[PDB]
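Okay, here we've got a single chain as structure tokens, the form solved without the named molecule, with questions on binding and movement later.
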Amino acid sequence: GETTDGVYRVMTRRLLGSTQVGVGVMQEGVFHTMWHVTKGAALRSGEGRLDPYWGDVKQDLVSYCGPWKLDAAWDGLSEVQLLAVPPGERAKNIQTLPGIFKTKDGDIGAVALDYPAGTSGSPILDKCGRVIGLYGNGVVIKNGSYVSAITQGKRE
């Protein structure tokens, strides 16, 4: 299977034709996506198999082949880029200044960009190209618009 670092689509042939259910990040031999994309199921990469290694429904994250490797964090001040990978469409960068989700357990950056469900797992990057989290777990606000948390894991 392909193990080159980068962004990948997560597909299935269970439904009509070939359907994109989400997106993920290959870094340091580990595949990273949101839990709601795969529900923790095994994945295929060519003739090879990727088995789940860590996951957490509340964080809405999952890693395959090894432990979570992404540990960059939003600086709380600068614009970031969503590397959106929409279904049937080329990877495209969108630059934005994150807002904030304020919770009882601390504040999290959030991006106010609305893409199809199959875009979940797309990476959000800082100016150095480091992945500061994944897009796709968020909320629908008053005017009906979508806002995603910048969801990041812990590197043990």
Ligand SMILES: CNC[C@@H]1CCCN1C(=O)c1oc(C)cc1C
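Counting begins at 1, following the sequence as shown.
The same protein also has a form deposited with the named molecule bound, omitted here; what follows describes it.
S.K.: Site superposed, the named molecule placed from its pose in the deposited bound form: open or blocked, blocked meaning at least 3 ligand atoms within 2.4 Å of a backbone or C-beta atom?
M.R.: After C-alpha superposition the pocket is open.
S.K.: Out of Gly29, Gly46, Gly40, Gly129, which one falls within 4.5 Å of the named molecule in the deposited bound form, going by heavy atoms?
M.R.: Answer to the contact question: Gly40.
S.K.: So, in the deposited bound form, is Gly99 in contact with the named molecule at a 4.5 angstroms heavy atom limit?
M.R.: It does not: once the named molecule is placed as it appears in the deposited bound form, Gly99 has no heavy atom within 4.5 Å of it.
S.K.: From first to last in sequence, which residues of 51-69 have any non-hydrogen atom within 4.5 angstroms of the named molecule in the deposited bound form?
M.R.: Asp51, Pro52, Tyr53, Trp54, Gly55, in sequence order.
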